[PDB]
Structures are given as structure tokens and as C-alpha cells.
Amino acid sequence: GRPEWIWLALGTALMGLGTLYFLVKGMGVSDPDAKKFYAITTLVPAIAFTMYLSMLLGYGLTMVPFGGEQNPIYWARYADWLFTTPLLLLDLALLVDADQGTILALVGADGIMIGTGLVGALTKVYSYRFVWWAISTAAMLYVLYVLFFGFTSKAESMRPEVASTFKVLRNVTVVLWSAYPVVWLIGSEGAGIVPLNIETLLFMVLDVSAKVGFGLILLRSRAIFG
């Protein structure tokens, strides 16, 4: 009965409720273009719900020795993020009619981000954990650069309503995503300053905002309609 369980429980509830709501709304829509955004966006909190639930029930946690101690590491987070982060990026790419090659590069970079983050999280030599963290953060910054510079450029060719919706979601994404490496650095996976219970809270707030919040903004907009 780990003290972070309460945030895993609340996370499970919020992702579950978000999923159900998006599913109800999405099943009701008949516009083909809107249905695509609903499918992608409903899947995001659906995956997160399954991983939060698994963690709540005591799975996706392993002990990694570093710094002379046995450290608890929630590896299930990375299984969630491996699939949900590219899905969020795909929502943004569809909104701005991004090029196929841009999408492949973004999804590639995002995979490197999550994959190297996981390797870092599991690494037994303390200093090397941070090498992997740095690589992961570089991949993240590539993603954010492309969203901020590249996608905004593409968005300029869309109707103002679509461009406006994209900018809100872009802004939400940059603010929330940029916090993740800092939480990792100061938390259980990194410097061990912020205790696991508080870190779980922080990741829960970030995750729910980045998936359910993002989804609410996108799915209530006229931008998703063809």
C-alpha cells in the first residue's frame, strides 16, 4: 500500500471518465473527418487508463539499484507514453495537414524520446542515467521545435478557426511536455529530491492535462469537422 496510490487512483478515475466521455461523443458524430479525430483522441486516455490501473494494482513497478540504494521505478509510464505521445502528435499533424515525412520524423523522434527515457530509468550507473535523460530531452526538443516552427507554418495555410485551435493545443503541448524532463530530473528517476508520492501527483496532473485537457479542447472545436 504505497503512499502514491491515491494519485494512481485519481489518475485512473480521470482517465477512465475522460475515455468514456470521448467515446460517447465520438460514437454520436457522423462526419468522417471528425470521427478520425475522435478515434485517435479516445484511444489516448484509454491507454493511459489501462496503465494507471495496472500501476494502481501494483504492476509496472521495479527496483533499480543506483547511488548505493534500491530505487522504485514505475516503468509502466513508458508503456503508456510510447503509444499516447505519437497519437497526440498525430492529432496535431492531422489538424495542420502536415507532410507524411514530417510525421514519420516526429514519430521517430518521439519513439527515441520515450525509449531513451526508459533506458535512463533502468540504468544502474547513476551518472549514465543522466546521459540517457539528456538524449531523451534532446529528442523532445526536436519534437517541440517542429511543432512550434514547422506545424505553425503549416497551420497558417488553414482557415483561421483551424489555425486558432492548433495554436491553443500547440501551446498546451509545449507547456506540459517541457515539464516532464524536469520532473524526471528532480524526482525518483533522477536526483531523488522530490519523493515518489509527490512525483506521482505531478505526473498525474501533467498526464491528465495533456490527454483529457488536450482532448476536451480539440473535440469541442469546429476545427475537427470536414
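Start at 1 and count along the sequence shown; that's the residue number.
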Checklist entry - Which of the two stretches, 133 to 141 or 99 to 107, shows the higher mean Cα temperature factor in the record? => result 99 to 107
Checklist entry - Of 29 to 37 and 192 to 200, which one has the bigger average CA B-factor? => result 29 to 37
Checklist entry - Going by the entry, which of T42, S178, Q70, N171 has the most elevated CA B factor? => result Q70
Checklist outcome for this item: Temperature factor at the Cα of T85, chain-ranked in thirds, falls in the middle
Checklist entry - Mind checking which third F66 falls in for C-alpha B-factor across the chain? => result highest
Checklist entry - Is the Cα B-factor recorded for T165 in the lowest, middle or highest third of its chain? => result lowest
Next on the checklist: Test of reading the entry: by CA B factor among the chain's modelled residues, which third contains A79?
Outcome noted: middle
Checklist entry - If you rank the chain by CA B-factor, which third does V119 end up in: lowest, middle or highest? => result lowest
